[PDB]
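Trainee: fold the following, please.
(chains A, B, C, D, E, F and G, ligands or ions: 1)
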Amino acid sequence: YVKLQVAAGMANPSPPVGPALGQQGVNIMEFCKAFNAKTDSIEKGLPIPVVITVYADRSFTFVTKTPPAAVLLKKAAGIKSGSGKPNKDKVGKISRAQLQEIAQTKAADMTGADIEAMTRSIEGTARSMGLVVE
Amino acid sequence: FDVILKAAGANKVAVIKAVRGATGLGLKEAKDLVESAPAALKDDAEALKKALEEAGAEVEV
Amino acid sequence: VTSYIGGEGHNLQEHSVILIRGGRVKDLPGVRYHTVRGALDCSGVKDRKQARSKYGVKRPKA
Amino acid sequence: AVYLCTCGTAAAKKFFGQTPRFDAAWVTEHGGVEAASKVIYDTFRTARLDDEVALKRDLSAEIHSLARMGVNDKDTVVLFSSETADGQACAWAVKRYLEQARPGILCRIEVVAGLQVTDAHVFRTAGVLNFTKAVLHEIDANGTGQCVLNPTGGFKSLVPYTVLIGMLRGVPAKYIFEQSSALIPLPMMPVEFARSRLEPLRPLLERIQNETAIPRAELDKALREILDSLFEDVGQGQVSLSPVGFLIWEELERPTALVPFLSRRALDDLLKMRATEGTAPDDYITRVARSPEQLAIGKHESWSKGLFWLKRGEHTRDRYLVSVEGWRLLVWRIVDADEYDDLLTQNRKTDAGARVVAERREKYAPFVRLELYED
Amino acid sequence: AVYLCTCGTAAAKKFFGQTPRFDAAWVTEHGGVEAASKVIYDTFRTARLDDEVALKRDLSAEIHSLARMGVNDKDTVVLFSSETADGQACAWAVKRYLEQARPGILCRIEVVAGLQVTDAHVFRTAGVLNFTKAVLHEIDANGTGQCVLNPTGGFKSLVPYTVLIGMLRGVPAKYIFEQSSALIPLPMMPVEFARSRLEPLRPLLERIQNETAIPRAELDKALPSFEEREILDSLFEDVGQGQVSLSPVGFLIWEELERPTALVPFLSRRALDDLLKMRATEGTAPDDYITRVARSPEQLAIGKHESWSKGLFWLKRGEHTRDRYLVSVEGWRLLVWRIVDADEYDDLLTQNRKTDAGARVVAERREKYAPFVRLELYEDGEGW
RNA sequence: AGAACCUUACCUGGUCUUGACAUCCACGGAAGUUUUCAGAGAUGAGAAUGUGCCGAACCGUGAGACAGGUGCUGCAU
RNA sequence: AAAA
Ligand SMILES: [Mg+2]
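Mentor: Numbers count the residues shown, from 1 in each chain, chains lettered A, B, ... in the order given. The structure is reproduced below:
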């Protein structure tokens, strides 16, 4: 019953994911191959969040989610890391459509009842990372 | 139907060469997967099967 | 007494048990004895090929 | 966790001194490997895992050590049984008892082909190599941070090649004597492969890494019997890397730390920038040199002959011209912006790196290591 | 050859089954070590080396292995015995028999301190290191080409370090299972201590070797990667007051991958130009003479010919030579200020003859001489 | 018994690799001779004009024996 | 588990 943000297809048995599943007991290489086979369609290099569901018989199923908004905002602005001092140092610029584009994909993981509400969550996400909206 | 390897004890090096071009897995990975037959290697099947069958590697589509 | 270690290279440390013999060293003051190479804890000189018996070196296996 | 337990035939201890001694014949006569497992399993089928006296008298070495390492329900144990029949019979006996005393466990047996100790040429060539493959497979399929080598069972000759794996990869090894009662995490002296000895072989492995096969005679002509184990004969007149070879190839491929050096032109230029910029450049080069991730980030425009520029950051008064040889990070020039701009202005027209290395002996060399005793 | 065999209590196997198990307590209740070993020796003195059946059945491990390795009078046998009471007793029994079976042999028994399997902390900190130091000392003493390890006796945990030593020194090892009938030359792979991950740290280790301890913050700066600190955690040890020092494991590795020294040479800027210009005449001789002087204080004391003020003195390698050096000793560093020839040396003596010249040079210390680089050069194109 | 360039052996920068200067080998070209463009020049490219002596004149290219050194020691001479 |  663990939640991870492993890479798009770079699901190594490496320490980023390796020891996490070990305490439960699921086969490490089994999950790594299963995750990659369905995330090949995902754009390259994305920390797609997956929630693992392990059982008592040492079996597991997992569900993948849309990429995090902060990741989507980082690629939308063409940057790699956020502002060190958000709302003090400004490190990018994205249009409202770029907010709509990110909101639409994350709408599968949002909770707002409208595109405007979903956007405002993304707008709040943008301010918290120093990315101003332009 | 995914391409799988049944038997490759004839010209093991050539089968590695095929999957090297076919997939690009490194020499360690490519040799290990060939020696760990059977396993899922990947008209599309026929293309690599012809090269595999050329050196005597068995193919199961 | 002070004893002189001949040859090239040795393996003598403190608390080593060695055999000394007579023979002074001309330029070293106060040294009147020699250490017997190849006897007791003193090992022979390595790679010696001539005058081996003087340095405790067994004949090469050829 | 995962326990890579070596398996030894201490389980069938109860048949000690009885007329047919416990040998591969004895397993054979009673029916076979599976049939003999039940007979062995009977003698200690009752003993517990929490009872101290049974741990030290009535159970195998794998069971005693595993019970001491704290085997639980959520665990996975591997038994590297021997190739001999008496070895495998006990393997099928330990597993039944382990899957009985701790239900919900996953024990699987690997039969290391040709692990017999009655023949030398086979053991030197197929035993340790196969055992080296099997262990290095499980560690790489479960991560170095989760495997615990258990070199207590089995022959005394496998133990060198279990612990040595632990030292190289990083997994620990835990041992416990029969009469003792304390687990002993064996010391792990940091070791690696001798780069100096192995460096000339780099082009040789390069062919194999590309064409995946080389004719044997050409391999022998190209290249000291220790190097032989690095190479496994595929069998059709070619040779490919043995499992040890893949370790060496990766060791000769992993990036390492670097120690900066300064050409005679850099040392003249560093000092005149020290007065205006404190001791900032001294730390930066050392910081970049001893961090591979930092080095790969800062590569500005790359020049010929393996030269590539570095810079502290945006709007800085220094940009370095460095290149790598062995474990040394040679520094050729250290220039400010205007000199840097003109060089790149010149390099637009023709080649640049050729002109620098051409005058290496007259102007730059010798490179002096970056240790300073300013006082 | 010289055989560095380990020892174990296989020699006393005929006592298996008796109500008091043969162990440390048993030797204690049989009149100390000497009394038991004689008694044990009597229990297998009638076994014959040529007897194949008695070799496997009745004799010990070391005797059996050595018999297969061809032990004769012209060989030296060294037995390493565990610190335990019974461990020493069984080794002695073997030494007695080996003299009888091979008269004219030179067999010494060696005791390793702390080599016991009852204390976890003592074994892995002192027992293994003492054992490792014993073997490395003996290999160097006898020299390569004559030592062959025999790791068939003793505890299973001493085996890895016996074999690992074999790879470091290129020393073959051999083993023989009891029911087997063939020696098994253990494979050897080209492994070595981690030179790659320590050469970047040479400035700190040299300081720690001379100065007792260094601050940890200095050490932390030296290792940025988390993995590097995780791997090299065992070598260092906290000494108190926010400092670290080489743990006894570290002192073993460092005293193996680094030659001994007394002073670390350094060059001023003016010396560096002086050395480079003289390379056309004296070749590499100035580099060798500087390192030799810095290595041995006895040589440095010989070279002093004229002493200036403020602690500067001149070194001359002797009559018939041309070069001469102006050096001074600070802490543990051998600072080199100038390197001159025969003609200039006379002038520099004339100036000091009239006025103080030692004070003139030290006056210009921060303007012409410092900072002092270290005498490590790299001219040829080659990388390890 | 005579440093503005040259001398010049030194410095910065641009450049050459059997080579500025020799003997050979092969292959290819009379030698020389008006010019144009790029470059600080070295040099590079292109276009004209010659194409004789009787194989040698001079030449360009390719390989390697070699050339080359005002480099050290006048305490080897 | 001091020649599995
Ligand atoms: Mg004269």
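Trainee: spell out which parts of chain A neighbour chain D.
Mentor: A:13-15, A:18-19, A:22-25, A:28-29, A:58 (CB under 8 Å from any CB of the partner chain). C-beta coordinates here come from the backbone N, C-alpha and C atoms, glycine included.
Trainee: any idea which residue of chain C lies closest to RNA strand G?
Mentor: RNA strand G sits closest to residue C:15 of chain C, with a gap of 25.6 Å, by CB to the nearest atom of the strand.
Trainee: how many other residues sit next to that residue?
Mentor: Using other CB atoms under 10 Å in any protein chain shown, the number of residues around residue C:15 comes to 5.
Trainee: count of neighbours near the closest residue to RNA strand F within chain C?
Mentor: When scored by CB to the nearest atom of the strand, chain C has residue C:27 as its residue closest to RNA strand F, at 25.1 Å. Number of residues near residue C:27 (other CB under 10 Å) recorded here: 5.
Trainee: then residue A:15?
Mentor: Residue A:15 has 13 nearby residues by other CB under 10 Å.
Trainee: next: residue A:43.
Mentor: If you count neighbours by other CB under 10 Å, residue A:43 ends up with 10.
Trainee: distance of the nearest residue to it once chain neighbours are set aside relative to residue A:17?
Mentor: Nearest residue to residue A:43, sequence neighbours excluded (CB to CB, 6 or more residues apart in numbering or on different chains): residue A:8, at 7.0 Å. Here residue A:8 is placed at a distance of 13 Å from residue A:17 (CB to CB, to the nearest Å).
Trainee: of these two, who's got more company?
Mentor: residue A:17 (24 against 18).
Trainee: who's whatever residue of chain B ends up closest to chain A bridged to?
Mentor: At 9.8 Å from chain A, residue B:40 is the closest residue in chain B, using CB to the nearest CB. Counting by DSSP bridges, residue B:40 forms beta bridges with residue B:4.
Trainee: who's the closest residue to chain C within the stretch 251-375 of chain D bridged to?
Mentor: Going by CB to the nearest CB, chain C is nearest to residue D:369 of the stretch 251-375 of chain D, at 30.6 Å. Taking DSSP bridges as the rule, residue D:369 bridges to residue D:261.
Trainee: is it in contact with residue E:266, as I believe?
Mentor: No: counting by CB atoms under 8 Å, residue E:266 is not a contact partner of residue D:369; they are 11.1 Å apart.
Trainee: between those two, who's got more neighbours?
Mentor: residue E:266 (22 against 18).
Trainee: how about that one, what does it touch?
Mentor: D:373, E:333-336, E:372-375 (CB atoms under 8 Å, 6 or more residues apart in numbering or on different chains).
Trainee: could you work out the most separated pair of those?
Mentor: Across the contacts of residue E:266, no pair lies farther apart than E:334 and E:373, at 13.0 Å, counting by CB to CB.
Trainee: so which residues on chain B come close to chain D?
Mentor: Checking chain B against chain D by CB under 8 Å from any CB, the hits are B:11-13, B:16-17, B:20, B:27-28, B:30-31.
Trainee: how far out from the middle of the chain is stretch A:99-114?
Mentor: Stretch A:99-114 sits 13 Å away from the centroid of its parent chain (CA atoms, centre = their mean, to the nearest Å).
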